[PDB]
file upload.csv (CSV, C-alpha atoms and all ligand atoms)
chain,number,residue,atom,x,y,z
Z,264,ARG,CA,19.9,22.6,2.6
Z,265,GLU,CA,21.8,22.2,5.9
Z,266,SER,CA,19.2,23.9,8.2
Z,267,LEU,CA,19.2,21.0,10.7
Z,268,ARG,CA,19.9,20.9,14.4
Z,269,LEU,CA,20.5,17.5,16.0
Z,270,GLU,CA,19.2,17.3,19.6
Z,271,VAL,CA,18.6,13.9,21.0
Z,272,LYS,CA,20.3,10.7,19.8
Z,273,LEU,CA,17.4,8.2,19.3
Z,274,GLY,CA,19.2,5.0,18.2
Z,275,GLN,CA,22.5,3.7,16.9
Z,276,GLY,CA,23.2,1.1,14.2
Z,279,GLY,CA,24.7,4.9,11.1
Z,280,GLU,CA,22.6,6.7,13.7
Z,281,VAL,CA,19.2,8.3,14.1
Z,282,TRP,CA,18.5,11.6,15.8
Z,283,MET,CA,15.6,13.8,16.9
Z,284,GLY,CA,16.2,17.2,15.5
Z,285,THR,CA,14.6,20.4,14.1
Z,286,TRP,CA,14.4,21.5,10.5
Z,287,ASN,CA,15.2,25.2,10.0
Z,288,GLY,CA,14.4,26.1,13.6
Z,289,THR,CA,10.8,24.9,13.6
Z,290,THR,CA,9.5,21.6,12.1
Z,291,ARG,CA,10.6,18.7,14.4
Z,292,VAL,CA,12.0,15.9,12.3
Z,293,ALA,CA,13.9,12.6,12.5
Z,294,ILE,CA,17.4,12.3,11.0
Z,295,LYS,CA,19.1,9.1,9.9
Z,296,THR,CA,22.9,9.3,9.4
Z,297,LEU,CA,25.3,7.1,7.5
Z,298,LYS,CA,28.8,6.3,8.7
Z,299,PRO,CA,31.2,6.3,5.7
Z,300,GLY,CA,32.8,3.0,5.3
Z,308,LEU,CA,20.3,5.6,0.8
Z,309,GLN,CA,18.1,3.8,-1.8
Z,310,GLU,CA,15.4,4.1,0.8
Z,311,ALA,CA,15.1,7.8,0.0
Z,312,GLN,CA,14.8,7.0,-3.7
Z,313,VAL,CA,11.7,4.9,-3.0
Z,314,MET,CA,10.1,7.4,-0.6
Z,315,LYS,CA,10.2,10.0,-3.3
Z,316,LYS,CA,7.6,8.0,-5.3
Z,317,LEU,CA,5.6,6.6,-2.4
Z,318,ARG,CA,3.5,9.1,-0.4
Z,319,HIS,CA,0.8,7.7,1.9
Z,320,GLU,CA,-0.5,8.6,5.4
Z,321,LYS,CA,0.5,5.2,6.7
Z,322,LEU,CA,4.0,5.5,5.3
Z,323,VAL,CA,6.7,7.5,7.0
Z,324,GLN,CA,7.1,10.7,5.0
Z,325,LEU,CA,10.4,11.7,3.4
Z,326,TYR,CA,11.2,15.4,4.0
Z,327,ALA,CA,14.7,16.2,2.6
Z,328,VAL,CA,18.2,14.8,2.1
Z,329,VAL,CA,21.8,16.0,2.4
Z,330,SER,CA,23.8,14.1,-0.2
Z,331,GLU,CA,27.2,14.9,1.3
Z,332,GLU,CA,29.5,13.9,4.2
Z,334,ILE,CA,22.5,12.1,4.2
Z,335,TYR,CA,21.4,12.9,6.8
Z,336,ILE,CA,18.0,11.5,5.6
Z,337,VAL,CA,15.3,13.8,7.0
Z,338,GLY,CA,11.8,12.6,7.6
Z,339,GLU,CA,8.6,12.5,9.7
Z,340,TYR,CA,9.3,12.0,13.4
Z,341,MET,CA,7.5,9.2,15.1
Z,342,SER,CA,7.5,9.8,18.8
Z,343,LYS,CA,7.0,6.2,20.0
Z,344,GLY,CA,9.9,4.6,18.2
Z,345,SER,CA,9.6,1.2,16.5
Z,346,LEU,CA,6.7,-1.1,17.0
Z,347,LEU,CA,8.9,-3.8,18.3
Z,348,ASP,CA,10.2,-1.6,21.1
Z,349,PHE,CA,6.6,-0.3,21.7
Z,350,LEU,CA,5.2,-3.8,22.2
Z,351,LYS,CA,8.2,-4.9,24.4
Z,352,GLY,CA,8.0,-1.6,26.3
Z,353,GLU,CA,5.9,-0.6,29.3
Z,354,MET,CA,2.8,-0.2,27.0
Z,355,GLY,CA,2.9,-3.8,25.9
Z,356,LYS,CA,1.0,-5.0,29.0
Z,357,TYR,CA,-1.9,-2.6,28.5
Z,358,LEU,CA,-2.5,-3.3,24.8
Z,359,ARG,CA,-5.5,-5.5,24.0
Z,360,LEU,CA,-6.8,-7.1,20.8
Z,361,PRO,CA,-8.7,-4.0,19.8
Z,362,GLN,CA,-5.6,-1.8,19.9
Z,363,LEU,CA,-3.5,-4.5,18.3
Z,364,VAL,CA,-5.9,-5.3,15.5
Z,365,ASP,CA,-6.3,-1.5,14.9
Z,366,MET,CA,-2.5,-1.2,14.5
Z,367,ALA,CA,-2.6,-4.2,12.1
Z,368,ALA,CA,-5.2,-2.5,10.0
Z,369,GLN,CA,-3.1,0.7,9.6
Z,370,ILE,CA,-0.1,-1.4,8.4
Z,371,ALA,CA,-2.4,-3.2,6.0
Z,372,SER,CA,-3.5,0.2,4.7
Z,373,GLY,CA,0.1,1.3,4.0
Z,374,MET,CA,0.9,-2.0,2.3
Z,375,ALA,CA,-2.3,-1.8,0.3
Z,376,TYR,CA,-1.0,1.5,-1.1
Z,377,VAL,CA,2.4,-0.2,-1.7
Z,378,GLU,CA,0.4,-3.1,-3.4
Z,379,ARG,CA,-1.4,-0.7,-5.7
Z,380,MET,CA,1.8,1.0,-6.6
Z,381,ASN,CA,3.3,-2.3,-7.7
Z,382,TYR,CA,6.2,-2.1,-5.2
Z,383,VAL,CA,7.5,-4.7,-2.7
Z,384,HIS,CA,8.9,-4.0,0.8
Z,385,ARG,CA,11.0,-7.2,1.2
Z,386,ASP,CA,11.4,-6.7,5.0
Z,387,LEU,CA,8.0,-6.0,6.6
Z,388,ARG,CA,8.1,-6.6,10.3
Z,389,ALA,CA,7.5,-4.9,13.7
Z,390,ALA,CA,11.1,-3.6,13.9
Z,391,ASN,CA,10.4,-1.7,10.7
Z,392,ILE,CA,7.1,-0.2,11.8
Z,393,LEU,CA,7.1,3.1,13.5
Z,394,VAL,CA,4.5,4.4,16.1
Z,395,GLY,CA,3.4,7.8,17.0
Z,396,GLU,CA,0.7,9.4,19.3
Z,397,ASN,CA,-2.8,7.9,19.4
Z,398,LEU,CA,-1.4,4.5,18.4
Z,399,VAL,CA,-0.6,5.7,14.8
Z,400,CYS,CA,1.5,3.1,13.0
Z,401,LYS,CA,3.3,3.6,9.7
Z,402,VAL,CA,5.5,1.5,7.4
Z,403,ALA,CA,9.2,2.5,7.2
Z,404,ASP,CA,12.6,1.1,6.1
Z,405,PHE,CA,11.8,1.0,2.3
Z,425,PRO,CA,15.5,-12.7,8.2
Z,426,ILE,CA,14.3,-16.2,7.5
Z,427,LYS,CA,11.6,-16.2,10.2
Z,428,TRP,CA,9.9,-13.2,8.5
Z,429,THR,CA,10.6,-14.1,4.9
Z,430,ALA,CA,8.4,-16.2,2.7
Z,431,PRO,CA,9.9,-19.6,1.6
Z,432,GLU,CA,9.9,-18.8,-2.1
Z,433,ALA,CA,11.6,-15.5,-1.4
Z,434,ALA,CA,14.3,-16.8,1.0
Z,435,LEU,CA,15.0,-19.8,-1.2
Z,436,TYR,CA,14.6,-18.7,-4.8
Z,437,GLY,CA,14.4,-14.9,-4.4
Z,438,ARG,CA,10.8,-14.8,-5.5
Z,439,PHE,CA,10.1,-11.4,-3.9
Z,440,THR,CA,6.6,-10.2,-4.6
Z,441,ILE,CA,3.8,-8.4,-2.7
Z,442,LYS,CA,2.6,-11.9,-1.8
Z,443,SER,CA,5.9,-12.5,0.0
Z,444,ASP,CA,5.1,-9.3,1.9
Z,445,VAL,CA,1.7,-10.8,2.8
Z,446,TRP,CA,3.5,-13.7,4.3
Z,447,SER,CA,5.6,-11.3,6.3
Z,448,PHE,CA,2.5,-9.6,7.5
Z,449,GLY,CA,1.2,-12.9,8.9
Z,450,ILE,CA,4.4,-13.1,11.0
Z,451,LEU,CA,3.9,-9.5,12.0
Z,452,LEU,CA,0.4,-10.5,13.3
Z,453,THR,CA,2.0,-13.0,15.6
Z,454,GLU,CA,4.3,-10.2,16.9
Z,455,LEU,CA,1.3,-8.1,17.7
Z,456,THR,CA,-0.6,-10.9,19.5
Z,457,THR,CA,2.5,-12.1,21.4
Z,458,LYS,CA,3.4,-8.5,22.2
Z,459,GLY,CA,6.9,-8.5,20.7
Z,460,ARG,CA,8.0,-12.1,21.1
Z,461,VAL,CA,10.3,-13.5,18.4
Z,462,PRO,CA,8.5,-15.8,15.9
Z,463,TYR,CA,9.1,-19.6,16.0
Z,464,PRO,CA,10.3,-19.5,19.7
Z,465,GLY,CA,13.0,-22.1,20.4
Z,466,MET,CA,13.8,-22.8,16.8
Z,467,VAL,CA,16.9,-21.5,15.0
Z,468,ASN,CA,16.9,-20.3,11.4
Z,469,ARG,CA,17.8,-23.7,10.0
Z,470,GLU,CA,15.0,-25.5,11.9
Z,471,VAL,CA,12.6,-22.8,10.7
Z,472,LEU,CA,13.5,-23.5,7.1
Z,473,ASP,CA,13.3,-27.3,7.4
Z,474,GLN,CA,10.0,-27.1,9.4
Z,475,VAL,CA,8.2,-24.5,7.4
Z,476,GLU,CA,9.0,-26.4,4.2
Z,477,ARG,CA,7.4,-29.5,5.6
Z,478,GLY,CA,4.1,-27.6,6.2
Z,479,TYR,CA,4.8,-26.4,9.8
Z,480,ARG,CA,3.1,-23.2,10.9
Z,481,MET,CA,3.1,-21.4,14.2
Z,482,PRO,CA,0.2,-22.3,16.5
Z,483,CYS,CA,-2.6,-20.0,17.7
Z,484,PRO,CA,-1.1,-17.6,20.3
Z,485,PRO,CA,-2.6,-17.7,23.8
Z,486,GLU,CA,-5.9,-15.8,24.1
Z,487,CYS,CA,-5.8,-15.2,20.3
Z,488,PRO,CA,-9.1,-16.0,18.6
Z,489,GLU,CA,-8.8,-18.8,16.1
Z,490,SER,CA,-10.3,-16.4,13.5
Z,491,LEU,CA,-7.2,-14.2,13.6
Z,492,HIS,CA,-4.9,-17.2,13.6
Z,493,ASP,CA,-6.8,-18.4,10.5
Z,494,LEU,CA,-6.0,-15.1,8.9
Z,495,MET,CA,-2.3,-15.7,9.6
Z,496,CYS,CA,-2.5,-19.2,8.0
Z,497,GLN,CA,-4.1,-17.7,4.9
Z,498,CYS,CA,-1.1,-15.3,4.8
Z,499,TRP,CA,1.2,-18.4,5.1
Z,500,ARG,CA,-0.3,-20.5,2.3
Z,501,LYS,CA,2.2,-22.5,0.3
Z,502,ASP,CA,1.0,-21.0,-3.0
Z,503,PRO,CA,1.7,-17.2,-3.1
Z,504,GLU,CA,-1.2,-16.4,-5.4
Z,505,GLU,CA,-3.6,-18.0,-2.9
Z,506,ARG,CA,-2.6,-15.6,-0.1
Z,507,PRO,CA,-5.0,-12.6,0.4
Z,508,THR,CA,-4.3,-9.1,-0.8
Z,509,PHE,CA,-3.5,-6.2,1.6
Z,510,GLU,CA,-6.8,-4.8,0.5
Z,511,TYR,CA,-8.6,-7.8,1.8
Z,512,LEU,CA,-6.4,-7.7,5.0
Z,513,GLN,CA,-7.2,-4.1,5.6
Z,514,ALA,CA,-11.0,-4.4,5.2
Z,515,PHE,CA,-11.0,-7.6,7.3
Z,516,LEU,CA,-9.1,-6.0,10.2
Z,517,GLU,CA,-11.1,-2.8,10.1
Z,518,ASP,CA,-14.3,-4.7,10.5
Z,519,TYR,CA,-12.9,-7.5,12.8
Z,520,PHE,CA,-15.0,-6.8,15.9
Z,521,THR,CA,-18.3,-6.5,14.0
Z,522,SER,CA,-18.2,-9.1,11.2
Z,523,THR,CA,-15.9,-11.7,12.8
Z,524,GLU,CA,-15.8,-11.4,16.6
Z,525,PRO,CA,-18.8,-9.4,17.6
Z,526,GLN,CA,-18.9,-11.3,20.9
Z,527,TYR,CA,-15.3,-10.5,21.8
Z,528,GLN,CA,-14.6,-10.0,25.5
Z,529,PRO,CA,-11.3,-8.6,27.0
Z,530,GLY,CA,-8.9,-11.1,28.7
Z,531,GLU,CA,-5.8,-11.1,30.9
Z,532,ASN,CA,-3.4,-10.4,28.0
Z,533,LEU,CA,-5.6,-9.9,24.9
B,601,LIG,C1,12.9,8.8,6.8
B,601,LIG,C2,13.6,8.5,8.1
B,601,LIG,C3,14.4,9.4,8.7
B,601,LIG,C4,15.0,9.2,9.9
B,601,LIG,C5,14.7,8.0,10.5
B,601,LIG,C6,13.9,7.1,10.0
B,601,LIG,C7,13.6,5.8,10.6
B,601,LIG,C8,13.4,5.9,12.1
B,601,LIG,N1,14.1,5.1,13.0
B,601,LIG,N2,13.8,5.4,14.2
B,601,LIG,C9,14.4,4.8,15.4
B,601,LIG,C10,13.3,4.1,16.1
B,601,LIG,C11,15.1,5.8,16.2
B,601,LIG,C12,15.3,3.7,14.9
B,601,LIG,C13,13.0,6.5,14.2
B,601,LIG,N3,12.4,7.2,15.3
B,601,LIG,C14,11.5,8.2,15.1
B,601,LIG,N4,11.2,8.6,13.8
B,601,LIG,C15,11.7,7.9,12.7
B,601,LIG,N5,11.3,8.4,11.4
B,601,LIG,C16,12.7,6.8,12.9
B,601,LIG,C17,13.3,7.3,8.7

call {"tool": "encode", "arguments": {"input": "upload.csv", "output": "structure tokens"}}
result
Amino acid sequence: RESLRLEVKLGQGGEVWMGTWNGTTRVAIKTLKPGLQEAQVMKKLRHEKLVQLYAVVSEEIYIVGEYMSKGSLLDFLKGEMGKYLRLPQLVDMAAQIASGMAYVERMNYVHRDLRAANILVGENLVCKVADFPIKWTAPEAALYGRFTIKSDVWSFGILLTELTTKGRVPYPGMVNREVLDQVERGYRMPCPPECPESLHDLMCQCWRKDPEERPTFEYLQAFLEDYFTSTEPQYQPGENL
């Protein structure tokens, strides 16, 4: 429609801007440098924990969508807020992402790149899935291209380590190659400092060798929503978590 007004340049890769749709609705605008399938997907998928597609400009997109004021989750955890987040806030954020992926799961879709960098945050610690990497990719997916919702579950397990480490890169010290050789031999990341074994157990369930044995995003959602009542009712704050 071309009723957009770009104000602040958010990031650069294409680019992303904070603008205003027809002089009112504040929106985010992703731009392509000539040298989009995401929009096609966001037409079918509509959920409160998924970033909302608003409009498109197929000439010169300019993909317009819901503006998330706190940028990516990766930047959020590595930012000034990281030091104040505790398990309750982190688990909560995990539950919201499981809710979005639960919807994806029911819609028979696959993300193929779930991770903190592709999660957006807003006010009141609202998290939503967006953007519809060996360290984040399930073995069967990275090796044989077996991309399913179960390979997204594996990726969610890695995302859990990102939350509990507050942004740190998975498999610290290991390069892609070592990560492939190691994970194939049954290696799995240890329990993060001050992270309850119960949560690390959830990760390991997401990392099971057999895809069909990994839990559903429905199970993950429910588990995380009830965490501090059914699982760790005796939880006590710590230095970092
Ligand atoms: C649909 C759509 C449109 C524009 C941008 C995105 C992804 C996105 N990316 N970014 C970054 C963090 C600037 C890269 C966003 N910041 C705020 N709101 C957003 N929606 C984003 C998605």

call {"tool": "closest_residue", "arguments": {"input": "upload.csv", "among": "Z:403, Z:363, Z:368, Z:441", "to": "residue Z:457", "atoms": "all atoms listed in the file"}}
result
Z:363

call {"tool": "residues_near_ligand", "arguments": {"input": "upload.csv", "ligand": "ligand LIG 601 (chain B)", "cutoff": "10 Å", "atoms": "only C-alpha atoms and all ligand atoms", "output": "NGL selection string"}}
result
:Z and (272-276 or 280-284 or 292-296 or 310-311 or 314 or 322-328 or 334-349 or 390-395 or 401-405)

call {"tool": "atom_distance", "arguments": {"input": "upload.csv", "atom1": "atom CA of residue Z:477", "atom2": "atom CA of residue Z:461"}}
result
20.7 Å

call {"tool": "atom_distance", "arguments": {"input": "upload.csv", "atom1": "atom CA of residue Z:373", "atom2": "atom CA of residue Z:320"}}
result
7.5 Å

call {"tool": "closest_residue", "arguments": {"input": "upload.csv", "among": "Z:369, Z:290, Z:266, Z:443", "to": "residue Z:500", "atoms": "all atoms listed in the file"}}
result
Z:443

call {"tool": "residues_around", "arguments": {"input": "upload.csv", "residues": "residue Z:513", "least_positions_apart": "6", "cutoff": "10 Å", "atoms": "all atoms listed in the file", "output": "ChimeraX atom specification"}}
result
/Z:365,367-375,519

call {"tool": "closest_residue", "arguments": {"input": "upload.csv", "among": "Z:386, Z:444, Z:270, Z:486", "to": "residue Z:504", "atoms": "all atoms listed in the file"}}
result
Z:444

call {"tool": "atom_distance", "arguments": {"input": "upload.csv", "atom1": "atom CA of residue Z:427", "atom2": "atom CA of residue Z:396"}}
result
29.3 Å

call {"tool": "closest_residue", "arguments": {"input": "upload.csv", "among": "Z:388, Z:291, Z:356, Z:442", "to": "residue Z:454", "atoms": "all atoms listed in the file"}}
result
Z:388

call {"tool": "residues_near_point", "arguments": {"input": "upload.csv", "point": "(5.2, -2.1, -10.0)", "cutoff": "12 Å", "atoms": "all atoms listed in the file", "output": "VMD selection string"}}
result
chain Z and resid 313 316 to 317 376 to 384 440 to 441
